[PDB]
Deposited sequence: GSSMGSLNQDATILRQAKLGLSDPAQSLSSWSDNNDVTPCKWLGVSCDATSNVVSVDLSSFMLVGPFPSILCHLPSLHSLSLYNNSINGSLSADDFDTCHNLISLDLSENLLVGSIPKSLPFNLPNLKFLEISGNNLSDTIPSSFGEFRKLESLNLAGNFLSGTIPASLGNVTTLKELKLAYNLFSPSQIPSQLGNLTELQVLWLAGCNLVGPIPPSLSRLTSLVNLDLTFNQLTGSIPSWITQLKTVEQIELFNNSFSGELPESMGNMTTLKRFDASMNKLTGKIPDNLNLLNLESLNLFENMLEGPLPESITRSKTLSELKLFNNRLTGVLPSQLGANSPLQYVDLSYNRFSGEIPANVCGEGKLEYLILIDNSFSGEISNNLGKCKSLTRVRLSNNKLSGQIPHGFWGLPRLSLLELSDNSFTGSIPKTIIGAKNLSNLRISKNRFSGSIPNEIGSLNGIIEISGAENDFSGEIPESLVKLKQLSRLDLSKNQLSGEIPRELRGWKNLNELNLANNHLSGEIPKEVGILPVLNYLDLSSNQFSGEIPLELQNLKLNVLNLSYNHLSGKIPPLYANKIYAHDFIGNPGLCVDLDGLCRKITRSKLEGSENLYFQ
């Protein structure tokens, strides 16, 4: 009864110091305070924990909550607690074990007196505020602290060496602050219990200190977004419980530790965007691996066959390296591959036939390699695909029938190969198709009418093929179509006359075909058309005056059968090359019409 009274009064006093526009604390306005929202009590009915996470509360830190004599846990995670932290705010909070002030609006410095006022803390988070000035050196006096998270503030100076004295720490998160360029303090190697070290975006320079080899309980080492130099040290390989290594966007050089293969516990490894050389380690037994990213390095040699031992692998991004050889033939048969990006390497041989064996593959990105042979019919049934980029390889044969109509396929990029065949009518199934990029192949036959039913299409790019027959009238009501490029084909017939459907058409390129008829007047009323190339066809009649409405980066009507006069806006000799090779055409200058 006495404790319920005490508790209720202190909680209400604290609440009076806050604004509650969401009415999150309506229960604090008949019932025991032990059953109020966010409030937990011990068996003597004293408040032990207040958790107001995500309650949309506004105002200064509610110091009054610390007057609850048994309060051990306080969370104000994700509110609008504002102003600054004063020394005084925490004077009475000395019983706290847990304090979470993350994701608020706090500004100013961390009080230097905080460890003295909060000497029992095991858990301190003040991530995602606007804290400035340095991390106080007094933080080295915490005797019990297990986790410290100051990530995502504007803290500056350098990481204090005294944090190495807090040998109870298991997690140290200081990522995304505004520190001066400095080395990781050697003294952090004294934190021999550390499981998480997150110093991403900390302006770190120099090598990973050798003392960090004493952190044998590391589970997550994340030093991303710094300018760390030298080798990735081979001691990471001997961490018996390591699950995640994140070292991307640094200046690491040398090779991947040769014994990486034995890291059976490793789930995620990313050393992308460094200056690594040499090979991917072989004899991989990476049983728990989910993600391997090594893109934008200078790696050479093959993808080892032993990658196929990673039966939970879902992400493999190796793009922009100097990797060579054939891919392991079994890649993806036994892995839930989701994102595969091996672009800009020198891989050869066939695309592994079961890359989508488990039906999870979303991105297949293989641009700029020397892959050859045909696309497996398997991929024709890979219904999870959203993004396919196979351009600039040595691929051939017919595309699998179902590939054209995959239901989630957004980008279909096949350009600069030697594919043959006609586009089937089953392209009608590609409901999500945004970009069709198939230029520079040997595709034949007519562009199917059904492409006009795919309302989301923004790009149809099919230049340098063997397409023939007519442009389907249906293309003309693709309301979102931005780029139409069917240059260098064998297309015939006319351009449709009614083009107001093409409100987003920026580029119309039909150069080098067998197209005939007049240029429709409505070409000039297209509101965002900046590129118009109708050259090397058999267009006849007069150049519509509406073209003078457009601001064209490219206008090319050369090598046609056009007649009459050039529109006056283009009468100057600098435009002449836009109209060459139209015997019937002339320019009106000074009275006479000149060829």
Fill in the blank from the handout: Numbered from 1 on the deposited sequence, the unmodelled stretches are 1 to 3, 33 to 35, 602 to 616
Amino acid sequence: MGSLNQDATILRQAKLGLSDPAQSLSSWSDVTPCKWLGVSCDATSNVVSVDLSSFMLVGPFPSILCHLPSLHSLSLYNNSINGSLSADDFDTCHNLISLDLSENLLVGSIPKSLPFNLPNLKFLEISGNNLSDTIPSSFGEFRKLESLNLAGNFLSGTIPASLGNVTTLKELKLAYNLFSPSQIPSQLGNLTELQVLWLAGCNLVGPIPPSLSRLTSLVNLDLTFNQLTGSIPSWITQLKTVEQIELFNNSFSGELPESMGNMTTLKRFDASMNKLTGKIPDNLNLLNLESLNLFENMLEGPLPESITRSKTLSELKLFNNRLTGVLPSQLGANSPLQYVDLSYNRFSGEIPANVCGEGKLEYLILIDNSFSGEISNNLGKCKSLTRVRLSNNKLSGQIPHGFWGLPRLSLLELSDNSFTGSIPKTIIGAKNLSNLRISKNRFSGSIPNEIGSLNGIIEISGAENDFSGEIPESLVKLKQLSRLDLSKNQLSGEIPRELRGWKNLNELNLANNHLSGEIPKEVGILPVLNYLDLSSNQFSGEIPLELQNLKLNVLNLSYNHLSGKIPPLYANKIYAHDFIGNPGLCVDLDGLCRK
From here on, numbers count along this sequence of modelled residues.
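Throughout, rigid core stands for the largest set of C-alpha atoms superposing within 1.5 Å between the two forms.
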Fill in the blank from the handout: When the rigid core is fixed in 4 other deposited structures of this protein, C-alphas move more for 483 to 491 or 411 to 419; answer is 483 to 491
Exercise for the section: Could you tell me which of the two stretches, 33 to 41 or 524 to 532, has its Cα atoms lying farther from the shown structure in 4 other deposited structures of this protein after fitting on the rigid core? Expected result: 524 to 532
Completion exercise
Per the PDB entry, mean CA B-factor is higher for 584 to 592 or 4 to 12, namely for 584 to 592
Fill in the blank from the handout: Of 364 to 372 and 423 to 431, the stretch with the higher mean C-alpha B-factor in the deposited entry is 423 to 431
Practice task
For the C-alpha B-factor as written in the entry, point me to the maximum among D270, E243, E498, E146.
Solution key: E498
Handout entry: Deposited CA B-factor, highest of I135, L197, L247, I471
Key = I471
Practice task
Report the third (lowest, middle or highest) to which the CA temperature factor of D466 belongs, ranking only the modelled residues of the same chain.
Solution key: highest
Exercise for the section: Looking at the entry's B-factor column for C-alpha atoms only, identify whether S446 ranks in the lowest, middle or highest third of its chain. Expected result: highest
Fill in the blank from the handout: Temperature factor at the Cα of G517, chain-ranked in thirds, falls in the highest
Problem - Modelled-residue ranking by C-alpha temperature factor, third containing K317 - result: lowest
Practice task
Report the third (lowest, middle or highest) to which the CA temperature factor of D533 belongs, ranking only the modelled residues of the same chain.
Solution key: middle
